Every structure is written in structure tokens, then in C-alpha cells.
Amino acid sequence: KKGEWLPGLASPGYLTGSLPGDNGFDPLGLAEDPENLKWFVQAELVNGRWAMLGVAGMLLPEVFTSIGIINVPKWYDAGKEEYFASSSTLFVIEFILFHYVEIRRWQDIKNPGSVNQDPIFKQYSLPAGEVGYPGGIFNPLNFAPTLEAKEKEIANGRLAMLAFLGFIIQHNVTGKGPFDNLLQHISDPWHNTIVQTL
Amino acid sequence: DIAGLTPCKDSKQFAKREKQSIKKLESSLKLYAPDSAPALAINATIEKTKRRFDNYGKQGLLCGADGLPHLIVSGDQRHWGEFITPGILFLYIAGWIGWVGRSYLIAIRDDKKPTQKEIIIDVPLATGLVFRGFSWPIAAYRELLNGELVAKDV
Amino acid sequence: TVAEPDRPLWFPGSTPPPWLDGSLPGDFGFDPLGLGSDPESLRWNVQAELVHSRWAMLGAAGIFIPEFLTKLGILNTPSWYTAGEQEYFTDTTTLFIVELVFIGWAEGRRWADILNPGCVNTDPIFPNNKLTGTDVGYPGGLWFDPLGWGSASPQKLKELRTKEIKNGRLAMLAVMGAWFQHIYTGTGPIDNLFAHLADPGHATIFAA
Amino acid sequence: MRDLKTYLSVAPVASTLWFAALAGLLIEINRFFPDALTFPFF
Ligand code: CLA
Ligand SMILES: CC(/C=C/C=C(C)/C=C/[C@@]12O[C@]1(C)C[C@@H](O)CC2(C)C)=C\C=C\C=C(C)\C=C\C=C(C)\C=C\[C@@]12O[C@]1(C)C[C@@H](O)CC2(C)C
Ligand SMILES: CC(/C=C/C=C(C)/C=C/[C@@]12O[C@]1(C)C[C@@H](O)CC2(C)C)=C\C=C\C=C(C)\C=C\C=C(C)\C=C\[C@@]12O[C@]1(C)C[C@@H](O)CC2(C)C
Ligand SMILES: CC1=C(/C=C/C(C)=C/C=CC(/C)=C/C=C/C=C(C)\C=C\C=C(C)\C=C\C2=C(C)CCCC2(C)C)C(C)(C)CCC1
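Residue numbers (UniProt numbering), protein chains in the order written: chain A, 52 to 249; chain B, 1 to 154; chain C, 58 to 265; chain D, 1 to 42.
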């Protein structure tokens, strides 16, 4: 039992259950090629991690301000609030920093193990891990990278990506934050749904 | 505005043409009975014309001295709805069609008599293949990078 | 399977088609167009007929018993034909969508079983339930067969299934007749029955 | 039935059915959103 996305359907051959979260879901056959699968697994990892962080950032502040602890704006309108630096300055700083770190990650992906070493202090190299899972300084608490935990990470990331899609579509169609939508639906579920929204 | 044109909403010849079109349509209506099928059809057409002109004014199209909408395709972000996002949509659909057809041709190329599956379409296989065009933008990209989109040795 | 060369036929004196050898419950050799010749298509059509029969029996009951019940002053179900617009506790669209997801789940389970027999009999939440039925189209189990009336010898189950399919065909024709009557006339099926019984010689199709 | 399916998938018949379906789809899309000269949604 590798997990079946359709009980009555067999899983694709190129999927063998080795990868965490492998439930045999790939109707479009996007991973017929081992290299394509190897690239897409990393794509999924990074997309899921970013999605989890983003959905947390959009959700937790909203509920916290709704219950009355902090007074943050909504995620969609948070762009206008003036910060200590100009928006363009922040964007360019972020661009430089990410242009460095993401290229480091890319070099790791292309040929594993070539960028485990600190480029300034010749000591302090990362432990020889696996692509997409660089331990060492990135894992201070040193939680075991057990396979079951990897599956939990993958599942939570997929849920977060679905949630972000919902966040943006709900904001586009309704015009407010997700938590307000949930609260309104809870107030009267039988007259507050997509049908009445549309 | 761009190219010396003016917005259709505040243009005058556009409004004159709108009025003239409605007047022409109404001219026929007065001949029939007030509430007959031809009269209802003509009224529906008049309402359609009014809605069309109002929508054209609403979207912010540009009107020339002729009073007709003109499409800007230079790339101005104020007019991406005129050619660029429809262009992207067309490219997506056309690549869908071409990729699906190419996938079918490659799939049936291994039989002893491939021509038989070309004049008599193997629908079972085609129904499975047609859905690859949802993600053809990725399949073709990785097909090119992997270097097997283009037939080498040729 | 028990092939009955000498079963009663839909058209006495004519040989039934080769692909209809009496294996299926309620086989009378009726296939003029020969639609079910292909074995896989034959199985698919058998499943289609079974599901159509069950749906139509439910519909015939829920269209006729309630109206035979409101014709007599017992309760007040409205006309079935126009019963779709009388507003309930919520709008029709939300009910349609919530009903759609549930029935889609059920029909997906059924589809998975049809195209892969005996591959979904276990409950995905508590894998100690297991539908007992071992035949496609006959799930059985504690849910769809709590009484276990039809688990005995195959011969008994054969004629019980024949009873099922015959009642289903009758129900299908009944529901279609109710629809065609309400569109042709402007009254209810029980009204039509009562009027025709009052005047069996003149209250018929040829009254318009 | 099997031969009916085979002939029903031959080039001319399949093409006519495909193009009838495409024509109907485009006709309905135009009917719901007629006189559309731009993409205003985004
Ligand atoms: C399936 C059983 C069945 C039964 C018992 C009835 C019974 C009745 N129908 Mg009806 N009908 C049916 C099916 C049925 N119909 C079907 C499937 C259709 C769609 C074509 C119609 C369409 C229909 C219309 C448009 C009308 C009736 C009318 C009537 C009533 C007067 C008969 C008449 O003049 O119309 C003649 C009906 C037909 C020629 C079609 C019937 C043919 C089917 C195949 C049934 C054959 C009977 C079957 C072999 C034996 C039944 C078993 C048992 C009940 C005896 C009557 C009480 C009339 C009415 O409302 O009364 C004023 C009327 O206007 N029916
Ligand atoms: C990256 C991501 C989200 C990141 C969000 C971020 C950073 C948000 C940041 C901010 O919010 C903060 C924190 C604060 C706010 O004030 C400001 C912003 C700036 C807004 C989501 C990805 C989200 C990605 C999504 C939703 C992807 C969905 C993919 C699907 C459904 C694919 C399914 C299949 O592909 C399979 C698996 C198999 C194939 O064969 C078949 C198909 C069916 C194609
Ligand atoms: C008659 C029918 C089909 C007839 C098919 C025939 C004769 C085919 C015959 C042949 O093919 C064979 C066998 C052999 C071939 O070689 C030759 C031919 C000759 C081609 C299907 C009906 C099948 C009928 C079905 C499935 C109907 C179910 C309807 C329901 C449940 C309705 C429910 C209600 O909605 C209402 C209408 C009103 C609401 O207010 C309340 C509720 C109760 C909700
Ligand atoms: C932006 C724009 C513009 C312009 C542009 C230009 C001028 C450019 C370009 C361009 C180019 C310069 C291009 C090119 C190309 C080349 C090549 C070389 C290619 C290719 C491809 C291919 C080959 C493909 C294939 C396929 C597909 C993918 C689809 C389907 C299938 C097949 C297989 C067919 C303008 C201003 C007008 C307007 C606005 C927009």
C-alpha cells in the first residue's frame, strides 16, 4: 500500500513509493522522465514550503487582529502601509539576497554536494545530506529527518498550496480576508456559500 | 491619447454612431404591431446594440475620428486586454492542439500499419491523450531541455 | 451461469441472439439493434440497466405513492412535475451542489468497482467492515443487504434478480409514462387513472 | 456495434462530429458574451 489517489486505479510505473508523499497521483503523466521527476520533486518541496509560510503569514495575523491582540492590516492591502524604507529599496534588497541564496540552492540541485561548504570561512561545511533536505545549520534542533516526518511535511505543504489558492480566489471574488469569510459562513452556513457569493 | 485617438466614452462621433444605429433599428420597429414576434425580436436587437455600445465605452476602448474602436497592440499596459492576453490564450490553445496531435502521432508511430490508425482515429487512445494539453507548456519545455523535442540525426 | 436454450423468449418462435444465452437475470433474447453484442459492452449495459432500474423504481414509488396518497385526503404533496420550484429551506442550487458531491462520491465508488471488480469492498476509514457482495452490480454487505435475504443458493438468487429486473423495467416505463402524460395532459397520473377508469372507452389518448 | 464504432470513428465522421461540437461551443460562448472585442477580466 503506497496510497492510492483513486482506489480503483493502478499507480504509474515510474512512481514506486520511494519518494515521500507518493500516492500515485499523476493523471497527466508529467513525470514520465526520471529527470523531470527529480526536478519536480524539488519544485514541489520549495513551493510547498513557501506556501506554508505564506498562508501562515496571511492567516495568523488576521485571526490575531480579529480577536484583538495586534492591529495589522489585511494581506491584500498590507502593501500600502508605509515602512521604514521605500518599497523599491526593500524589493531590490530582497532581489539581491534571493539572487544569491536561490543560485546556491540551484547549484546544489544541479550537481549535489558541490555547495556544502561555506565560501568565506573554509571550515563549517554542511553535512552530506540529500537534495532538498540540507540539514546542518538549517536544522538547529536536529529533529530526526525520518521518512514519516517527510511525508507529513509534503502533505502539509500540499494543503498549504491548496489553501493559498483558496485565499487568493476568495479575496478576488468576495473582497476580504479568508478568516472574515469563514466567520461569516459560520454565522449562517446555509445562506453564505459560493452560490450566494457568486 | 495614444496615436491621437480619444476614449470612446467621451468621444462624440462614437455617440453619434450609436444614436444613428438605434434610430435605424427603431425605424423598422414602428411598422409592426407593438407586441408581435418581429417587434420583440427588433426590441431585443436594440437592447443588444445599446448594451454593446455601453460595454465598449465601459472597457475604455480608443475611438478615432471615424468614431470606431481602434486596437493598440504596441504593448501598452493600458491595452493588454486588446491583443496580448487574448494572444496568450490563443498560444495556449494552439499549443494544446498541436501538442495533442503530435503526441497522438508519436504514440501510433510504432505499429506495423500506422496509417490504419490515421484514417480511422483510435478514439480510446485519443481521449487519454487530449488531456496532456492542459500541461503541454511544461511538457514541451522539459521536452526541449531534455533534448528530445527535435529529432537529432536530421 | 446456466445457459437456458429453451427459456421463454420476447418474440416466440424466433432464435435469440448468440450473445444472449440466458446467463443474465431476466434474459428474454430482446436485442433487435444488437447493441449488447460486445462482451465488455454487454457487461456495461447490464450495469446500466440495473442502475436505471433501481433509480426508476425509487422514482416510481416517490411519484405515484405520494400522489395516490394526496388524491385521498391524507397529506398534501404537491404535483410532482412542478415540485422542483416550490422553495424549501434553502435555494435549489446549494442543495444541488451538496447533493452532487455526495452522489459523485457514491458513483465514483461504483465506477471503481465496475471497472475493477472487487477492489473497493473495504471501508477506507475502518478496514474491518467489507461489503459481502462478490458480484458487480450487487454490493451486498451490511449496508446494502442487512437482512441477507439474497445470499442463498445461486438458483434462488437468479430468480430473485429476475424479479428485480422485471420490476425495474416496469418502473422505468411507468416513470416515463407519468412524464409523457403530464406534458401531454395537464393533470396528475392519479387523475388520469381515475378519469380513464370512469370512462374507459373515451378517456384515452385520442381525446384531443 | 463494434463495426459501427469503427466506422463512426473514421476520419470524415469523426471530423464532422468534432467540428459540430466546436461550432456549438463557440456559438454558445458568443451568445452568452456577444460583441466582445477585448478581454476585460484581467
Ligand atoms: C408502463 C405502464 C403504463 C400503464 C399501466 C399506463 C396506463 C395508462 N396510461 Mg400511459 N404511458 C406509459 C405507460 C403506462 N401507461 C408510457 C411508457 C408512456 C410513454 C409513451 C405513456 C404515455 C401515456 C399518455 C400520453 C397517456 C397515457 C394514458 C394512460 C391511461 C389511459 C390509457 C391511454 O389511453 O393511454 C395509452 C398509453 C399508451 C399507448 C402507452 C402505453 C404503452 C406502454 C409500453 C405500456 C404497455 C402496457 C404493458 C405491456 C402492460 C402493463 C402491465 C400491467 C400494468 C397491466 C392509463 C391508466 C392517457 C391518459 O392520461 O388517460 C386519459 C394518456 O394521455 N399514457
Ligand atoms: C508558493 C505559494 C504561496 C506563497 C505565498 C506567499 C509567499 C505569500 C506571501 C504574503 O502573504 C504574505 C505572507 C503576507 C501578505 O501580506 C503579502 C504576501 C506577499 C501575499 C503557493 C503555491 C501554490 C501552488 C498550487 C496551488 C499548486 C497546485 C497544483 C496542483 C493542483 C497540481 C496537481 C497535479 O499536478 C499534479 C500534482 C499531478 C499532475 O500530473 C496533474 C495535476 C492535476 C496538474
Ligand atoms: C423507459 C426507459 C428506456 C427504454 C429503453 C428501451 C425501450 C430500449 C429498448 C431497446 O434497447 C433494447 C432494450 C434492445 C435494443 O436492441 C433495441 C431497443 C428497442 C433500442 C428508461 C427509463 C428510465 C427512467 C429513469 C431512470 C427515471 C428515474 C426518475 C426519477 C428517479 C424521478 C424522480 C423525481 O424527479 C421526479 C421526476 C419529480 C420530482 O419532483 C420528484 C422525484 C422523485 C425526485
Ligand atoms: C512581444 C510582442 C510583440 C513582438 C514580439 C517579437 C517580435 C518576438 C519574437 C519571437 C521569436 C523570435 C520567436 C521564435 C521562435 C523560434 C523557434 C525556433 C521556435 C519554436 C517552436 C517550436 C518548434 C514548437 C513546436 C511545437 C509546439 C511546442 C507547439 C505544438 C507542438 C509542436 C511540436 C508543433 C509585438 C510587439 C508584435 C506585440 C506585443 C507582443
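Note that the Cβ used here is the ideal one computed from N, Cα and C, for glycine as well.
Legend entry - heavy atom of ligand 4 below 6 Å from residue 80 of chain B C-beta: Translated into the one-based positions of the second sequence, residue 80 of chain B becomes position 80. False, no ligand heavy atom lies under 6 Å from that Cβ.
Inset, instruction - Give a single yes or no on whether residue 241 of chain C has its beta carbon closer than 6 Å to a heavy atom of ligand 1. - result: Your numbering for residue 241 of chain C matches position 184 in the third sequence. Under cutoff, so the answer is yes.
Inset, instruction - Look up residue 168 of chain A in the DSSP assignment and give the residues it is bridged to. - result: Within the first sequence, the letter at position 117 stands for residue 168 of chain A. DSSP lists A/176 as partners of residue 168 of chain A.
Legend entry - Neighbour-count burial assignment, residue 119 of chain C, 16 or more Cβ in a 10 Å radius: Along the third sequence, read from residue 1 onward, the residue named residue 119 of chain C stands at position 62. Exposed, because fewer than 16 other Cβ atoms sit within 10 Å of the Cβ of residue 119 of chain C.
Inset, instruction - Going by CA-CA distance only, name the one from B/126, B/22, B/130, B/57 that's closest to residue 46 of chain B. - result: Within the second sequence, residue 46 of chain B is the residue found at index 46, counting from 1. Residue B/22 is the option with its Cα nearest to residue 46 of chain B.
Inset, instruction - Sort C/195, C/122, C/213 by Cα distance to residue 131 of chain C and report the nearest one. - result: Sequence index remark: in the third sequence, residue 131 of chain C carries index 74 (1-based). When each option's Cα is compared against that of residue 131 of chain C, the closest is C/122.
Legend entry - CA-to-CA distance, residue 58 of chain C to residue 81 of chain C, given in whole angstroms: Within the third sequence, residue 81 of chain C is the residue found at index 24, counting from 1. Within the third sequence, residue 58 of chain C is the residue found at index 1, counting from 1. For residue 81 of chain C and residue 58 of chain C, the distance between alpha carbons rounds to 8 Å.
Legend entry - Contacting positions in the stretch 8-19 of chain D - beta carbon closer than 8 Å to chain B: 9, 10, 11, 14
Inset, instruction - Determine the burial state of residue 103 of chain C: buried for a count of at least 16 other Cβ atoms within 10 Å of its Cβ, exposed for fewer. - result: Translated into the one-based positions of the third sequence, residue 103 of chain C becomes position 46. Looking at its Cβ environment, which holds 16 or more other Cβ atoms inside 10 Å, residue 103 of chain C is buried.
Inset, instruction - Under the assumption that residue 218 of chain A contacts residue 109 of chain A (Cβ atoms under 8 Å), give the Cβ distance between them as a whole number of angstroms. - result: The residue given as residue 218 of chain A occupies position 167 in the first sequence. The residue given as residue 109 of chain A occupies position 58 in the first sequence. Right, their Cβ atoms sit about 6 Å apart.
Inset, instruction - Tell whether a beta-carbon distance below 7 Å holds between residue 174 of chain A and residue 166 of chain A. - result: Along the first sequence, read from residue 1 onward, the residue named residue 174 of chain A stands at position 123. Along the first sequence, read from residue 1 onward, the residue named residue 166 of chain A stands at position 115. Going by C-beta atoms, residue 174 of chain A is not nearer than 7 Å to residue 166 of chain A.
Inset, instruction - Report all residues for which the CB-ligand distance to some heavy atom of ligand 3 is below 5 Å; order them along the chain. - result: C/88, C/89, C/90, C/92, C/109, C/112, C/113, C/116, C/119, C/137, C/140, C/229, C/232, C/233
Legend entry - Separation of residue 94 of chain A from residue 163 of chain A, as counted between CA atoms: Position 112 of the first sequence, counted from the first residue, corresponds to residue 163 of chain A. Position 43 of the first sequence, counted from the first residue, corresponds to residue 94 of chain A. If I take the Cα positions, the gap works out to 16 Å.
Inset, instruction - Tell me whether the beta-carbon of residue 12 of chain D lies closer than 7 Å to the beta-carbon of residue 81 of chain B. - result: Here the question's residue 12 of chain D lines up with position 12 in the fourth sequence. Here the question's residue 81 of chain B lines up with position 81 in the second sequence. Not closer than 7 Å, so no.
Inset, instruction - Please state whether DSSP places residue 32 of chain B in a helix, a strand or coil. - result: On the second sequence, position 32 is the one that residue 32 of chain B refers to. Residue 32 of chain B: coil per DSSP, three-state reduction.
Inset, instruction - Report the neighbours of residue 2 of chain D on chain C: residues whose CB is nearer than 9 Å to its CB, in chain order. - result: Against the fourth sequence, residue 2 of chain D aligns to sequence position 2. By Cβ distance, chain C contributes 94, 95, 98.
Legend entry - DSSP state of residue 131 of chain C mapped onto helix, strand, coil: Sequence index remark: in the third sequence, residue 131 of chain C carries index 74 (1-based). DSSP places residue 131 of chain C in coil when its eight states are reduced to three.
Legend entry - Residue ranges of each alpha helix (DSSP H) within the stretch 144-225 of chain C, 4 or longer: 149-172, 198-201
Inset, instruction - For the stretch 179-197 of chain C and the stretch 136-150 of chain B, state whether three or more C-beta atom pairs, one from each stretch, are separated by less than 8 Å. - result: no
Legend entry - C-alpha distance - residue 28 of chain B paired with residue 35 of chain B, whole-angstrom precision: Taking the first residue of the second sequence as position 1, residue 28 of chain B is located at position 28. Taking the first residue of the second sequence as position 1, residue 35 of chain B is located at position 35. Near 14 Å, if we compare the C-alpha coordinates of residue 35 of chain B and residue 28 of chain B.
Inset, instruction - Could you pull the start and end residues of the alpha helix (DSSP H) that residue 247 of chain A belongs to? - result: Your numbering for residue 247 of chain A matches position 196 in the first sequence. Taken as a continuous stretch (DSSP letters only), the alpha helix (DSSP H) holding residue 247 of chain A covers 245-248.
Inset, instruction - Below 8 Å CB to CB, which residues in the same chain sit around residue 132 of chain A once its five sequence neighbours on both sides are set aside? - result: Walking along the first sequence from the start, residue 132 of chain A turns up at place 81. Answer for residue 132 of chain A: 124, listed in chain order.
Inset, instruction - Taking only the alpha-carbon atoms, compute the straight-line gap between residue 79 of chain B and residue 71 of chain B and give it to the nearest angstrom. - result: The residue you call residue 79 of chain B lines up with position 79 of the second sequence. The residue you call residue 71 of chain B lines up with position 71 of the second sequence. Cα to Cα, the separation comes out at about 8 Å.
Inset, instruction - With distances taken Cα to Cα, identify the nearest neighbour of residue 95 of chain B among B/68, B/86, B/134, B/62. - result: The count along the second sequence starts at 1 and reaches residue 95 of chain B at position 95. Checking every option, the nearest Cα to that of residue 95 of chain B belongs to B/134.
Legend entry - Rounded C-alpha distance that separates residue 141 of chain A from residue 161 of chain A: Along the first sequence, one-based indexing puts residue 141 of chain A at 90. Along the first sequence, one-based indexing puts residue 161 of chain A at 110. The straight-line gap from Cα to Cα measures roughly 30 Å.
Legend entry - residue 57 of chain B vs residue 5 of chain B beta-carbon contact at 7 Å: The residue given as residue 57 of chain B occupies position 57 in the second sequence. The residue given as residue 5 of chain B occupies position 5 in the second sequence. No, these two residues do not count as a Cβ contact at 7 Å.
Legend entry - Residue from B/93, B/62, B/38, B/148 with nearest C-alpha to residue 2 of chain B: Residue mapping note: residue 2 of chain B aligns to position 2 of the second sequence, counting from 1. The shortest C-alpha separation from residue 2 of chain B is found at B/62.
Inset, instruction - Go through its chain and collect everything with a Cβ distance to residue 194 of chain C's Cβ below 6 Å, but skip five positions before and after it. - result: Indexing the third sequence from 1 puts residue 194 of chain C at position 137. Taken in chain order, the residues that qualify are 104, 107.
Legend entry - Interface flag, residue 32 of chain D vs chain B, CB-CB below 7 Å: Here residue 32 of chain D refers to the residue found at position 32 of the fourth sequence. No, because no Cβ of chain B sits closer than 7 Å to the Cβ of residue 32 of chain D.
Inset, instruction - State yes or no: is the beta carbon of residue 178 of chain C nearer than 7 Å to at least one beta carbon in chain A? - result: Position 121 of the third sequence holds residue 178 of chain C. It does not: the Cβ of residue 178 of chain C has no partner Cβ on chain A nearer than 7 Å.
Legend entry - residue 62 of chain B in three-state terms, based on DSSP: What you label residue 62 of chain B is simply residue 62 of the second sequence in a count that begins at 1. Strand.
Inset, instruction - Kindly give me the distance between the Cβ atoms of residue 223 of chain C and residue 93 of chain C, rounded to whole angstroms, as I take these residues to be in contact under 8 Å. - result: Position 166 of the third sequence, counting from 1, holds the residue named residue 223 of chain C. Position 36 of the third sequence, counting from 1, holds the residue named residue 93 of chain C. Wrong, their Cβ atoms sit about 18 Å apart, outside the cutoff.
Inset, instruction - Go through its chain and collect everything with a Cβ distance to residue 87 of chain A's Cβ below 8 Å, but skip five positions before and after it. - result: Position 36 of the first sequence, counted from the start, is the residue given in the question as residue 87 of chain A. Excluding residues within five positions, the ones whose Cβ falls inside 8 Å are 81.
Inset, instruction - Select from the stretch 120-147 of chain B all residues with a C-beta closer than 8 Å to any C-beta belonging to chain A, and list them in chain order. - result: 131, 132, 134, 135, 138, 139, 142, 146
Inset, instruction - Take the Cβ of residue 177 of chain C as the centre, count every other Cβ of all protein chains shown within 10 Å, and call the residue buried at 16 or more, exposed below. - result: Mapped onto the third sequence, residue 177 of chain C falls at position 120. It counts as buried.
Legend entry - Under 7 Å from the C-beta of residue 58 of chain A: neighbouring residues of chain C: The sequence position of residue 58 of chain A within the first sequence is 7, counting from 1. By Cβ distance, chain C contributes 169, 176, 177.
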